[PDB]
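Mind the numbering: the sequence shown is residues 3 to 169 in the authors' numbering, read in order.
For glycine and all other residues, C-beta sits at the position ideal for the given N, C-alpha and C.
Each remark here refers to the structure printed beneath this line.
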Amino acid sequence: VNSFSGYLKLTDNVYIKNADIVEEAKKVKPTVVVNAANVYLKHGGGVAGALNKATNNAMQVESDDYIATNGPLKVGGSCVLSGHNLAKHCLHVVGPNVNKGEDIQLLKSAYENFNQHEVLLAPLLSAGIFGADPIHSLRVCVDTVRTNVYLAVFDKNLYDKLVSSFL
Ligand SMILES: CC(C)(O)[C@@H]1CCCN1c1ncnc2[nH]ccc12
Numbered sequence: 003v004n005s006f007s008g009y010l011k012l013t014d015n016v017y018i019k020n021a022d023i024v025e026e027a028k029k030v031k032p033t034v035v036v037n038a039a040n041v042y043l044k045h046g047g048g049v050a051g052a053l054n055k056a057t058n059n060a061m062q063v064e065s066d067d068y069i070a071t072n073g074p075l076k077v078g079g080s081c082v083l084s085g086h087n088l089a090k091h092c093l094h095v096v097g098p099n100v101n102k103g104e105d106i107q108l109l110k111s112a113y114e115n116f117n118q119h120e121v122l123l124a125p126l127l128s129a130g131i132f133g134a135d136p137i138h139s140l141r142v143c144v145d146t147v148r149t150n151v152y153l154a155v156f157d158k159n160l161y162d163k164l165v166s167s168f169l
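Shown next as structure tokens:
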């Protein structure tokens with residue numbers, strides 16, 4: 003039993019809700035919140051910009067030190083950093099950005115990072131400003147993640163389409 007509330011159950015391990023991931027994290031304080039990161043950990047917009055803003059830019063300061071030490075992530079890769087005031091940890095995961103010409107096949111690799119964590123709050127990888135089809139991202143999530151994932155979908159209209167079209 004966990005403290006996630008109001009989710010629709012899609013499969014044995016995947017749950018979905020129309021919600022702002024920032025407000026969800028602040029309420030639940032999950033062990034792991036997933037960020038929709040880029041390889042530079044430059045948290046400018048979308049989920050990343052919103053999460054970072056909610057940390058008063060502390061996420062960006064920590065991220066800049068991480069990059070200065072380690073260099074950029076790989077597309078499809080991840081790193082674990084602090085969750086600041088939002089969660090214990092933030093798993094920064096880089097899905098392919100179609101608006102940069104990146105290979106959508108890397109979306110499965112991106113979701114594989116979730117399997118290293120028993121329970122996560124997360125957005126749909128590569129959706130929104132990353133330019134992929136959210137229906138496809140949900141399918142890849144369900145077919146790749148085996149741990150317990152609670153998906154927050156910001157746009158109510160998109161949420162209804164994801165639910166109604168889910169196979
Ligand atoms: C599918 C996406 C890209 O993840 C959705 C579609 C709109 C934005 N986005 C978000 N989802 C959850 N929490 C969020 N907080 C700020 C933005 C945001």
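As assigned by DSSP and simplified to three states, the class of residue i
{"i": "residue 42", "result": "coil"}
{"i": "residue 12", "result": "coil"}
{"i": "residue 134", "result": "coil"}
{"i": "residue 28", "result": "helix"}
{"i": "residue 147", "result": "coil"}
{"i": "residue 106", "result": "coil"}
{"i": "residue 154", "result": "strand"}
{"i": "residue 142", "result": "helix"}
{"i": "residue 78", "result": "coil"}
{"i": "residue 167", "result": "coil"}
{"i": "residue 51", "result": "helix"}
{"i": "residue 57", "result": "coil"}
Residue closest to residue i, alpha-carbon to alpha-carbon, out of the options
{"i": "residue 34", "options": "167, 152 and 158", "result": "152"}
{"i": "residue 119", "options": "67, 97, 98 and 93", "result": "93"}
{"i": "residue 104", "options": "77, 14, 115 and 110", "result": "77"}
{"i": "residue 116", "options": "38, 23 and 161", "result": "38"}
{"i": "residue 13", "options": "23, 143 and 64", "result": "143"}
{"i": "residue 25", "options": "52, 96, 139 and 161", "result": "52"}
{"i": "residue 159", "options": "11, 4, 16 and 20", "result": "20"}
{"i": "residue 109", "options": "90, 135 and 15", "result": "135"}
{"i": "residue 169", "options": "47, 123, 107 and 11", "result": "11"}
{"i": "residue 161", "options": "9, 5, 71 and 4", "result": "9"}
beta-carbon residue i near ligand 1 non-hydrogen atom, thresh 7 Å
{"i": "residue 22", "result": "yes"}
{"i": "residue 147", "result": "no"}
{"i": "residue 10", "result": "no"}
{"i": "residue 157", "result": "yes"}
{"i": "residue 126", "result": "yes"}
{"i": "residue 85", "result": "no"}
{"i": "residue 136", "result": "yes"}
{"i": "residue 97", "result": "no"}
{"i": "residue 160", "result": "yes"}
{"i": "residue 112", "result": "no"}
{"i": "residue 142", "result": "no"}
Supposed contact pair residue j and residue i - C-beta distance, whole angstroms, cut 8 Å
{"i": "residue 88", "j": "residue 56", "result": "6 Å"}
{"i": "residue 100", "j": "residue 75", "result": "Residue 100 to residue 75, Cβ: 18 Å. No contact."}
{"i": "residue 126", "j": "residue 155", "result": "7 Å"}
{"i": "residue 60", "j": "residue 86", "result": "5 Å"}
{"i": "residue 95", "j": "residue 36", "result": "6 Å"}
{"i": "residue 137", "j": "residue 166", "result": "Between residue 166 and residue 137 the Cβ distance is about 10 Å, and since that is not below 8 Å, they are no contact."}
{"i": "residue 128", "j": "residue 79", "result": "Wrong, their Cβ atoms sit about 14 Å apart, outside the cutoff."}
Opposing strand residues paired with residue i [DSSP bridges]
{"i": "residue 84", "result": "91"}
{"i": "residue 123", "result": "35 and 152"}
{"i": "residue 20", "result": "155"}
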